[PDB]
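Chemist: Generate a structure from the sequence data that follows.
(chains A and B)
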Amino acid sequence: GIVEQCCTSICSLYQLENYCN
Amino acid sequence: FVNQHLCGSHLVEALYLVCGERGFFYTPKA
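Modeler: Numbering: from 1, shown residues only, chains lettered A, B, ... in the order given. I have put the structure below:
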């Protein structure tokens, strides 16, 4: 999930936007 | 800002700034 992609590993704008509505 | 380890309130704030008026969903356990 998001914690795995952005917290435990380095985040990116591409991934963050996957969580916008 | 965006390209680093973002956890907890730090991650929530990034989603807030990036998504803007579109809003977002935060699911810690998924």
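Chemist: The lengthiest helix in chain A: which residues count as buried?
Modeler: Counting by DSSP state H, the longest helix found in chain A is helix A:13-16. The neighbour-count check on helix A:13-16 (16 or more other Cβ atoms under 10 Å in any protein chain shown) flags residue A:16 as buried. No exception for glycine: its C-beta is placed from N, CA and C like everyone else's.
Chemist: ditto for stretch B:6-24
Modeler: B:6, B:11, B:14, B:15, B:18, B:19, B:24.
Chemist: how near is residue A:15 to chain B?
Modeler: 9 Å (Cβ to the nearest Cβ, to the nearest Å).
Chemist: out of everything not next to it in sequence, what's closest to that residue?
Modeler: Leaving aside its sequence neighbours, residue A:15 sits nearest to residue A:5 (Cβ to Cβ, 6 or more residues apart in numbering or on different chains; 5.0 Å).
Chemist: Chain B contacts on chain A?
Modeler: With Cβ under 8 Å from any Cβ of the partner chain as the criterion, chain A comes near chain B at residues A:1-3, A:6-13, A:16-17, A:19-21.
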